[PDB]
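Have a look at the structure below, then the notes.
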Amino acid sequence: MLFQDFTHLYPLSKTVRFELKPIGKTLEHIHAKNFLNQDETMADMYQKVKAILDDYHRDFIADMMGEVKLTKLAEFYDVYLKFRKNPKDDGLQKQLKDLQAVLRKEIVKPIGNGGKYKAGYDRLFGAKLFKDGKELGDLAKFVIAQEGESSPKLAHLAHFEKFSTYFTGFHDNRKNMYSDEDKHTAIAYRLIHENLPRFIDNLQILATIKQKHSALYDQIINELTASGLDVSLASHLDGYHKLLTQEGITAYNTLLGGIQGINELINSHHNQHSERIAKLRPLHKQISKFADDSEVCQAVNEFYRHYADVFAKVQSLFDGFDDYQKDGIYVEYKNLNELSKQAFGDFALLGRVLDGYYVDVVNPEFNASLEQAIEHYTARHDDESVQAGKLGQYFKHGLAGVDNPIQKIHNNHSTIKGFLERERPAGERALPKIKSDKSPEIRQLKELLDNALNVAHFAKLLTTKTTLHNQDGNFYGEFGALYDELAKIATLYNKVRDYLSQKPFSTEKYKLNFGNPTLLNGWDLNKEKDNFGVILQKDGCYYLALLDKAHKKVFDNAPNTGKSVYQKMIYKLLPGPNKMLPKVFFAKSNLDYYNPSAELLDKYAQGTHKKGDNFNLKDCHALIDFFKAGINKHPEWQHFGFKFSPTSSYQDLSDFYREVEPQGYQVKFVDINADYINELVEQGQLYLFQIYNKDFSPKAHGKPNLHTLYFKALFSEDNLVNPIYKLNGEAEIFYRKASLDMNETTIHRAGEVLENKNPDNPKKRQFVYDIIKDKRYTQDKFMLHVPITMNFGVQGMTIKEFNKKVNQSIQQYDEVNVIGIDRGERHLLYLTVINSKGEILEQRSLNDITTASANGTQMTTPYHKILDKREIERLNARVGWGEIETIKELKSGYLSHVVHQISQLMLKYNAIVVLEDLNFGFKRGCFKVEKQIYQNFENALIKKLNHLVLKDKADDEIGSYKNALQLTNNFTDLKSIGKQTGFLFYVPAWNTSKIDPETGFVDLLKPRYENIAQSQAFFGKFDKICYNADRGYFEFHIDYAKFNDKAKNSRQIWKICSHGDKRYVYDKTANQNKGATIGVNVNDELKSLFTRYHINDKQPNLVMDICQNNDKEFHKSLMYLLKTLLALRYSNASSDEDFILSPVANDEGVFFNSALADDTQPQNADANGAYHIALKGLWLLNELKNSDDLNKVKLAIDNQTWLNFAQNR
RNA sequence: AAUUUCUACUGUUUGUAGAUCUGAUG
């Protein structure tokens, strides 16, 4: 009842796609006229015309450049040098970014408003690229493309004259090349941001004539290049617009690349013969399928082998890495963690080290902050090959982390460069096609390309997109041409990923236009002779009938009487009622019988927003009754059932256009005799298809498909009254040829017995008929992609409401329940439903999902046992690479079931679903569901609750297809998902997983041993450490005011006590190499090392007696036994057992063990991660209940506000 | 191991339960 008035709010369109079975002998008539082959060869020539148009774009780029005349190069020379203050970095980089913008305005200037090249362009719009003026190519590329009427060309361009609209999606991609914006696809990006910083960099190394000792030998470069390849194109700043074209850049890179070039001259005369000069970097040139097996075997025979790509250059360069200065070698912040994982330790060592030696210059005193911001993002990147830290306070002492780029290529070059022993099984035998096997001798080919991306990552640590002054130009000068060659492995490896991990079928379908350019662009109308397509009904099914070019006059005089007749749709429609009504406003005396000078001029200046800043009645009165009486005059919009409201009732012009939006769309059904229709389909005058999906079959008996329930709702008898759904124009009829053979796929024959895949079901069924795998792809079939529109006739909109409608409905409703969904470490997903008081209603894992209700039987499928079977499927080394996508295909398909489970949970409890915030709660551990996968779940949960209908519900209930729920905001804003989308809420997932859910206890202090000089000061901040002889456990009193990481919340005092058994988390060493989870017994181990190290513990208290012992293992193991106690979640080797045990007790005095017992409390450690998510949503409910003005309520959660709320509840 | 298409299937002897966009190189 919370979602009662949330039906029919905003309109959203969708596309419903079916098959088309050819009814009658119409497939033979289609094969007679050669429609399929015509559209097949046309979609074959589409690639060639696209390549011709790409060549035309290339020629247009080369003709457009050379007319720019940019004159800010000296100002960029002054401003850009000297690389603009990287310690300062704010206030001058902004003005440099403005200078880059005012420079890249000139690249898009000489065509827009310039008029040399005519701002409409006449050719980017694909309407008049074909058939204007009877020929257009006298100025255009056809004088190149003529070749005296070339036989491969011209004929291939003859098809795309009437069908010019195939390029309406292709021109959208080419429209981004000439963009003013700084998106990196543009032309002006690669000239001003790519090439221009590299041009000033390449010049300034060469402009050191008298700064270095190059005053003498500069001329002997210029005398040898006086024969050819003049350096004067590359030695002056004003000679940059010489090479704005593509033909200028290639002449420039011929000089720098060589073949004799300037790079080899300075290496032979100055380097080879203490100090070695740098090398210059070549500029960037400015603007596949891989289907056959012959291509990718010939591709990886020479495009990646030792002919083209050279790993001998990274060999000798990284062998002498120690000789170059490690001050000038730079490391970006993005690759700190990947550097620290591949070598020199763990994923968080260099983040610990860099912040460890930069936080000594900041002192948090006043505690708004203004110091913890500027210290963080600025100094975090050292940008040198680091000295591995001093760490003289004994922070995990180890050897150097700087000799590792030396050592990676020097790591037994047989092993680490494995291409040498993977060059023996090679060859290109004569082969058209082969089918992929699980393990042929191609596993060595993917492991050849496995080390390919590893070398690409080994050089990716020095990404360093600088633009920095003192960087080592000797190292980076060779590394600039080397890494840009080496960065094209990721594109090659992703394509052999796509080919070798293929399905046996193919999904390539070409659009059939039936010789008609405007086929199905509008439905049944006066203009049904243009669009050829009518819809028929035979009281069980819906038929798509297509006209013919010969006989377009069959349905003008059709028999209306008969038994068992086909109905025919009418579909009269007015498109754009606020747009088409001023398309009748412009008439001389056609509709303007009474054209007043008052009303016409008041429509011009005062037509926008109903008046020119006024709200009057009289001009709003004279406009409607002109339009109302104007509708009745012309015969086009006449005979419409326009039941208009009077002018006195409504004065808003938005209300008048709201009344003609439902009444503008009328669908009727007059019938036509069947034996008239059936007798002409066998002649060939009209084609009959049947719109067919699997629930239109006669054998079907289950619940119907979801999108079929929309298409059956298009032509219901309750769509005579005000329509909710709407049939849209511009449909399309695809055709998919046979991509599979019968004998190729494994089939199950007649009388064969089959075993059930799921571990629960043991039964076996006989199946007397044959079952063919991929029966859809065995035989070729048509398609039809019908677009529909829901809530047509409603005018409302998106987030302009500021979610006032959702928030107001929550406050008037009483006793709302909260739903929290979070990831699990041992569960796939976990759910917990919480009332307003804060107690669990139900808590159930999503490992097992039971919605499978065929006819009252429920089938529970284990998705955890399937993922166990998928994980061993990926374990096999000698196998293909495509089993990693089968798990991603499953997780994309598993979450589609989960979206159903939540939408039935929301209806049962009138609940609110609260998910984690991926923007600032994304820092998480390892999980069974990834982070890029979980965004697809959080996106598909929005698109479902846009138009939520329940299939089993009757049509009277709220939630059927008649009354569809509109629970979330419209998905036009798909990127910005912040803190609210309708009923969905988004809370930060930090500090939710490990909290004692009874008392709200989180470990705010972190016991970590760094130095024993201040480990004495750590234990001295404890209030009282004693031993309870009567109770039986130790007593670590604390006070969070004395420690650091100060917390504003309540309960600054605590009482850490010991227990019976704490199954310790995985902590292992090379020697410890074991099952790696060694469970500890803390309370007797605290009785240990006290009698061992000769310290009495009977005296209350014994907090200062810890501080007089410096055994170096007493203070170290007291950290190990306190890190066990303060960690709250515990995971053992037994995978079924995962739990939470808390040190601190309640007010009553019992401790929380999640295993014993489960009384309306979180069952395990995965339930607690979902219980504290829904507690964060309970606080967002308590803000709305405490909001007297709901306009600007901020639902954000501070970290101390949640801690103060969780433990004072 | 059957589907407009995806996922899990066997879920009355040519099928069952969810989900499903639309246009398109990284």
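Letters A, B, ... mark the chains of the structure tokens in the order given; residue numbers begin at 1 per chain; ligand numbers begin at 1, in order shown.
Contact shell of residue 12 (chain A) at 8 Å (only C-alpha atoms (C1' of nucleotides); same-chain neighbours under 2 positions omitted): residues 10, 14, 789, 790, 791 and 970 of chain A.
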**Asked** Can you list every residue in region 910-1095 of chain A that DSSP puts in alpha helix (DSSP H), as an MDAnalysis selection string?
**Response** chainID A and resid 931:946 1012:1019 1082:1087
List the neighbours of region 11-18 of chain B out to 8 Å using only C-alpha atoms (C1' of nucleotides); skip same-chain residues closer than 4 positions along the sequence, and give me the result as number ranges by chain.
A: 699-700, 702, 767-769, 851-854, 896-897, 900; B: 2
Fill in: Long-range neighbours of residue 684 (chain A) as a list in words, 9 Å cut-off, only C-alpha atoms (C1' of nucleotides), 2 positions minimum in chain
residues 25, 26, 29, 30, 548, 680, 681, 682, 686 and 687 of chain A
Could you write those residues out with C-alpha atoms, as an mmCIF file, in the first residue's frame?
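Here's the written file again_16.cif:
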data_model
loop_
_atom_site.group_PDB
_atom_site.id
_atom_site.type_symbol
_atom_site.label_atom_id
_atom_site.label_comp_id
_atom_site.auth_asym_id
_atom_site.auth_seq_id
_atom_site.Cartn_x
_atom_site.Cartn_y
_atom_site.Cartn_z
ATOM 1 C CA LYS A 25 3.475 -20.393 -49.530
ATOM 2 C CA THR A 26 5.132 -17.037 -49.057
ATOM 3 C CA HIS A 29 7.535 -16.185 -53.249
ATOM 4 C CA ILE A 30 10.229 -14.443 -51.199
ATOM 5 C CA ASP A 548 3.977 -5.961 -52.634
ATOM 6 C CA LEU A 680 -3.914 -14.122 -52.703
ATOM 7 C CA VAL A 681 -0.952 -15.193 -50.550
ATOM 8 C CA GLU A 682 -0.625 -18.329 -52.682
ATOM 9 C CA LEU A 686 0.858 -10.299 -50.291
ATOM 10 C CA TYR A 687 3.225 -11.934 -47.814
#
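Within the 12 Å cut-off around residue 22 (chain B), using only C-alpha atoms (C1' of nucleotides) and omitting residues fewer than 2 positions from it on the same chain, the listed residues are residues 13, 14, 15, 16, 17, 731, 732, 785, 786, 787 and 788 of chain A; 5, 20 and 24 of chain B.
Distance-wise, CA of residue 243 (chain A) and CA of residue 485 (chain A) end up 22.0 Å apart.
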From CA of residue 162 (chain A) to CA of residue 43 (chain A) the spacing works out at 14.4 Å
Closest of A:692, A:121, A:543, A:199 to residue 4 (chain B), counting only C-alpha atoms (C1' of nucleotides), is A:692
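Residue nearest chain B, chosen from A:845, A:1109, A:506, A:850 and counting only C-alpha atoms (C1' of nucleotides): A:850.
Distances from A:706, A:111, A:1170, A:262 to chain B were compared using only C-alpha atoms (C1' of nucleotides), and the smallest one belongs to A:706.
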Q.
Quick one: residues within 12 Å of residue 1 (chain B), only C-alpha atoms (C1' of nucleotides), excluding same-chain residues fewer than 3 positions away - as a count of residues only?
A. 22
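The set of residues in region 894-957 of chain A assigned to strand (DSSP E or B) by DSSP, using only backbone atoms of this structure, is residues 911, 912, 913, 914, 915, 916 and 948 of chain A.
Nearest residue to chain B, choosing from A:693, A:1016, A:728, A:1108 and counting only C-alpha atoms (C1' of nucleotides): A:693.
The two atoms in question, CA of residue 1038 (chain A) and CA of residue 1113 (chain A), are spaced 22.4 Å apart.
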key: Residues within 9 Å of residue 496 (chain A), only C-alpha atoms (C1' of nucleotides), excluding chain neighbours under 6 positions, as a ChimeraX atom specification   = /A:290,296,446
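In terms of minimum interatomic distance to chain B, A:169 ranks closest within A:1032, A:169, A:796, A:759, counting only C-alpha atoms (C1' of nucleotides).
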Kindly provide the residues of region 644-754 of chain A that approach region 554-562 of chain A to within 6 Å, each paired with its closest atom pair and their distance in Å to one decimal, based on only C-alpha atoms, listed by chain and increasing number, as CSV.
residue,atom,partner,partner_atom,distance
A:671,CA,A:560,CA,5.9
A:672,CA,A:560,CA,4.8
A:673,CA,A:562,CA,5.4
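Nearest residue to residue 1099 (chain A) among A:1028, A:645, A:258, A:46 is A:1028, counting only C-alpha atoms.
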